[PDB]
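What follows is one structure encoded as structure tokens, with my remarks underneath.
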Amino acid sequence: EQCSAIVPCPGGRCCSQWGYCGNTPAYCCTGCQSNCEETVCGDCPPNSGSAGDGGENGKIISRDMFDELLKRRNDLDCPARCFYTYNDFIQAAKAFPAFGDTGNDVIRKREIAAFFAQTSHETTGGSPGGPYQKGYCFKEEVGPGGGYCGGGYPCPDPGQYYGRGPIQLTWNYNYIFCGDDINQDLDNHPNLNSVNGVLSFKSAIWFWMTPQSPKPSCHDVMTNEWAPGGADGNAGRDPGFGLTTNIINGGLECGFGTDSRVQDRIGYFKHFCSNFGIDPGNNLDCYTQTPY
Ligand SMILES: *[C@@H]1O[C@H](CO)[C@@H](O[C@@H]2O[C@H](CO)[C@@H](O)[C@H](O)[C@H]2NC(C)=O)[C@H](O)[C@H]1NC(C)=O
Ligand SMILES: [Cl-]
Ligand SMILES: [Cl-]
Ligand SMILES: [Cl-]
Ligand SMILES: [Mg+2]
Ligand SMILES: [Mg+2]
């Protein structure tokens, strides 16, 4: 839309020198008239290098491999440009030592590909049908709408539990449980997941690693540590990438045939599997799985 210093953007974006609303350096930096500097202006900071060669997990996903998977995330039209770094990812992963470090190298690669595929989908700046190089374009839900509070739990900030970070962590209960396990008060300070890159990655790896009955963890599914428990066989829940989509968002995406969101998750996964030189494995969709 149009805007000026005296008419800010209704939805809160930067008002450019020429009076249009947006979230890129052209709107937000030089000459910006209102609600400025909401994205980084200029070159990203140089790498901290605090992860070095990445350690144990860096044997599966090097610095270069991380930046090849997430090739276009620092395009000028990604609002999260410069936020997501290899050094923060490796520091976060060190807090969940089994992640990407369980099983033979084919399983470790496929776990990491699946994790980056699901988080790339949650934060996608790409177009339906691909290609699949612009994961991790965003770090906050674009139009935060409904209160995201399950009434069972404390809710000091009813409008503030919208999606943040690589898995777009949402709902008061997930901020409670995640914050508890990573020693952060995310219930009272939920913006930590969009202002601190290490905490942001920790929240996504936390979700990936944590069973929440009846759901197994995405980790145990992808590393061949889950077996269908009874109700599961006749709900159609078979081990593979599709079951991680069911765990993440199956109530809205699974059990009713071809769906564009599911296809986008699978598209990122196949692309990342090709980069890693591995096969995606079996049961890639959840089209005939009952949701949890
Ligand atoms: C991002 O968050 C982390 C964790 O809250 C910060 O690093 C920790 O800071 C505490 C003190 O505040 C230290 O005792 C820890 O040793 C730090 N490292 C950890 C927990 O791994 C970090 O400083 C934050 N980054 C920014 C830029 O604010
Ligand atoms: Cl980086
Ligand atoms: Cl395998
Ligand atoms: Cl769900
Ligand atoms: Mg979302
Ligand atoms: Mg964003």
Side-chain angles (χ1 to χ4, degrees), residues 40 43-55 57-58 61-75 78-97 99 112 116-126 128 133-146 148 159-171 174-175 178-207 245 247-253 259-262 264-265 268:
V40 165
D43 294 327
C44 296
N47 308 337
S48 78
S50 69
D53 65 23
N57 197 29
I61 178 179
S62 67
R63 186 178 302 269
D64 287 353
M65 174 66 47
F66 176 95
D67 284 307
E68 173 74 32
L69 298 175
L70 305 185
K71 193 176 261 298
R72 297 185 62 181
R73 72 185 187 284
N74 290 327
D75 281 356
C78 286
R81 55 181 317 264
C82 311
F83 180 69
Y84 292 117
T85 72
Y86 180 69
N87 294 288
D88 288 353
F89 165 74
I90 293 291
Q91 173 180 6
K94 276 167 180 179
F96 300 88
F99 173 72
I112 291 303
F116 275 99
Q118 294 289 31
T119 53
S120 286
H121 168 73
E122 300 296 325
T123 57
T124 187
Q133 300 174 329
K134 198 151 170 159
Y136 278 72
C137 191
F138 296 92
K139 64 184 200 184
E140 290 170 74
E141 186 168 342
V142 180
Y148 276 110
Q160 290 304 303
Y161 309 116
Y162 55 79
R164 300 182 171 80
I167 202 80
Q168 290 289 289
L169 200 77
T170 302
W171 294 103
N174 274 318
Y175 280 74
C178 177
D180 180 63
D181 280 344
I182 71 171
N183 195 206
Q184 305 281 169
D185 185 359
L186 301 182
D187 195 41
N188 289 321
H189 307 305
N191 288 281
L192 292 172
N193 282 343
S194 49
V195 307
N196 181 309
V198 179
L199 295 183
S200 203
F201 270 109
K202 281 195 186 186
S203 72
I205 299 171
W206 173 81
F207 182 92
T245 299
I247 289 161
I248 289 165
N249 202 36
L252 292 173
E253 296 190 21
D259 178 80
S260 60
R261 299 161 288 193
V262 180
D264 186 71
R265 300 170 182 281
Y268 275 111

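Throughout, residue positions are numbered sequentially from 1 according to the sequence presented. Remember, it's 1-based here, ligands and their atoms both numbered in the order they're listed.
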Verify atom 3 (C) of ligand 1: protein non-hydrogen atom under 4.0 angstrom away: yes
Pair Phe83 + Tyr136: ring centers closer than 6.0 Å: no
Qualifying residue for side chain to side chain contact (heavy atoms under 4.5 Å, CB included) with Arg164, from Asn191, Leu186, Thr170, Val195: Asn191
Intermediate values then yes/no, ring pair (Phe, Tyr, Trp, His ring centres under 6.0 Å), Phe201 and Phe89: CA-CA 6 Å; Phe201 270 109; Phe89 165 74; 5.5 Å; yes
Sub-6.0 Å ring centroid separation between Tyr161 and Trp171: no
Under 3.5 Å side-chain donor-acceptor pair for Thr124 and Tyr268: yes
Contact bool for atom 23 (O) of ligand 1 (protein heavy atom, d < 4.0 Å): no
Closest approach of any protein heavy atom to atom 18 (N) of ligand 1, naming residue and atom: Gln91 NE2, 3.9 Å
Heavy atom of protein inside 4.0 Å of atom 7 (O) of ligand 1, strictly below: no
Any protein heavy atom < 4.0 Å from atom 16 (O) of ligand 1: no
Atom 20 (C) of ligand 1 within contact range, any protein heavy atom under 4.0 Å: no
The one among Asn196, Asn183, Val198, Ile182 that brings a heavy atom closest to atom 26 (C) of ligand 1: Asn196
Reported CD-to-CG distance for the pair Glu140 and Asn193, which is rounded to 0.5 angstrom: 10.0 Å
Under-4.0 Å protein heavy-atom contact, atom 11 (C) of ligand 1: no
Salt bridge flag under 4.0 Å for residues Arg265 and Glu122: yes
Under 3.5 Å: N/O of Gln184 near N/O of ligand 1: yes
Structural part of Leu199 in contact with ligand 1, heavy atom criterion under 4.0 angstrom: side chain
